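Presented as structure tokens, the chain that follows is alone, the form deposited in one PDB entry.
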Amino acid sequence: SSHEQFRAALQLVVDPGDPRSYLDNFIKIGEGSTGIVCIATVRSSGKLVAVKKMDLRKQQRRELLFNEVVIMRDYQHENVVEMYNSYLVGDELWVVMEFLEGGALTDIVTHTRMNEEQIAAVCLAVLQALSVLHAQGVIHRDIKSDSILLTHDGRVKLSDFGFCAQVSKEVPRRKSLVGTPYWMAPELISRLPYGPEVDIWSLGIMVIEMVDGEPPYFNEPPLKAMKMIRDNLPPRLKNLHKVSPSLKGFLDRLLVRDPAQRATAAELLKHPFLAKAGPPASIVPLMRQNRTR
């Protein structure tokens, strides 16, 4: 049947065997839309790893977990969480990854104000990842603060590629409605042909997260937020008058409704706002203390 076909297919691109041959002491530390994140310990070693566990039977778009394992195989980039191995355990896909001990950007945003040196540092790190991914035809399609992980020394890496897509010379655009409603680009909510530009819109929403502490429409039912994103003017900062002209001029190039006028990752990397971008040390205080907005 279709599930057995897909499971056989997935078995062909993952590593063989059971990672319980070398992983001990699984503990759930978090969850996302497709499954849970555990920490585990390499047997006979002190090495800590993160393991994503996704039940195939619960997935709305199982083919995109194929994309994650395949496209991100041995992807080595300073701003991308490293994937080590993948396995099929019963009806679950397990993906063994680097453990980032600074936590997720979501936790920083909810507990503290960030200054613009810190906001620019985070944006620089994400756009360096996206600029390369987009040049290779990879659309992430789930950019948001929960997809951003930090090290204790303040490095910033992108993860959560479970919704990603590959575009090509032959098939340069997608139309699938995929992502997290409050961060979705309007042309994607509209199921119009779209390219990597949808990640740039989502980054704009994450910038609003970093400035305001939440995305626009965050307490609205998700279908209503999607209707307002699709139909209304781009959402604005609640704290509009507390940010510099540089940051607003930057944000104005991300939250552009027309994908053909929205800035690309490579263009944004040249923007004057990112000359503010602080070094890893500027991020470190954000994981150790809180400062209300």
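Shifts are known only where both forms have a C-alpha. Heads up: residue numbers just count along the shown sequence, starting at 1. Heads up, when I say rigid core I mean the largest set of C-alphas that superpose within 1.5 Å between the two forms.
Asks: With respect to the recorded C-alpha B factors, which stretch has the higher mean value, 237-245 or 261-269?
Replies: The stretch with the larger average C-alpha B-factor is 237-245.
Asks: Would you determine, from the values in the PDB entry, which of 177-185 and 70-78 has the greater average C-alpha temperature factor?
Replies: Looking at the record's C-alpha B-factors, the answer is 70-78.
Asks: Which third of the chain holds residue 111 when residues are ordered by C-alpha B factor: lowest, middle or highest?
Replies: Highest third - that is where residue 111 ends up once the chain's C-alpha B-factors are sorted.
Asks: Pull the Cα B-factor of residue 283 out of the PDB entry and bin it into the chain's lowest, middle or highest third.
Replies: CA B-factor rank for residue 283: highest third.
Asks: By its CA B factor, does residue 158 count among the lowest, middle or highest third of the modelled residues in the chain?
Replies: Its C-alpha B-factor belongs to the lowest third of this chain's values.
Asks: By the recorded C-alpha temperature factor, relative to the other modelled residues in its chain, which third is residue 58 in?
Replies: For residue 58, whose C-alpha B-factor we compare with every modelled residue in the chain, the answer is the highest third.
Asks: Going by the entry, which third of its chain does the Cα temperature factor of residue 204 land in?
Replies: Within its chain, residue 204 is a lowest-third residue by C-alpha B-factor, going by the deposited values.
The following text describes the form solved in complex with a partner chain, which does not appear among the structures shown.
Asks: Residue-level contact is defined here as any heavy atom of the residue lying within 4.5 Å of its partner chain in the bound PDB entry; does residue 178 satisfy this criterion?
Replies: Flag for residue 178 set to yes.
Asks: Give a yes or no for residue 261: in the bound PDB entry, does one of its heavy atoms lie within 4.5 Å of a heavy atom belonging to its partner chain?
Replies: Contact with its partner chain, no.
Asks: Taking its partner chain as it sits in the bound PDB entry, is residue 232 near enough to touch it, meaning that at least one heavy atom pair lies within 4.5 angstroms?
Replies: Heavy-atom contact with its partner chain at 4.5 Å: absent for residue 232.
Asks: Determine whether any heavy atom of residue 134 comes within 4.5 Å of a heavy atom of its partner chain in the bound PDB entry, and answer yes or no.
Replies: No, no contact at 4.5 Å.
Asks: Quick one: of 118, 86, 145, 159, which gets a non-hydrogen atom within 4.5 angstroms of its partner chain in the bound PDB entry?
Replies: Among 118, 86, 145, 159, a heavy atom within 4.5 Å of its partner chain in the bound PDB entry occurs only for 145.
Asks: Considering 106, 112, 79, 151, which brings a non-hydrogen atom within 4.5 Å of its partner chain in the bound PDB entry?
Replies: Among 106, 112, 79, 151, a heavy atom within 4.5 Å of its partner chain in the bound PDB entry occurs only for 106.
Asks: Can you confirm whether 33, 183 and 226, the three residues that make up this candidate site, all sit within 4.5 Å of its partner chain in the bound PDB entry, judged by heavy atoms?
Replies: Contact check passed for all of 33, 183 and 226.
Asks: Counting only non-hydrogen atoms, choose the one of 54-62, 250-258, 41-49, 263-271 that falls within 4.5 Å of its partner chain in the bound PDB entry.
Replies: Looking at the other structure, the answer is 54-62.
Asks: Just list the residue ranges, at least 3 long, where Cα displacement is 2 Å or more throughout between this form and the one not shown after aligning on the core.
Replies: Listed in sequence order, the moving runs between this form and the one not shown are 238-242, 288-291.
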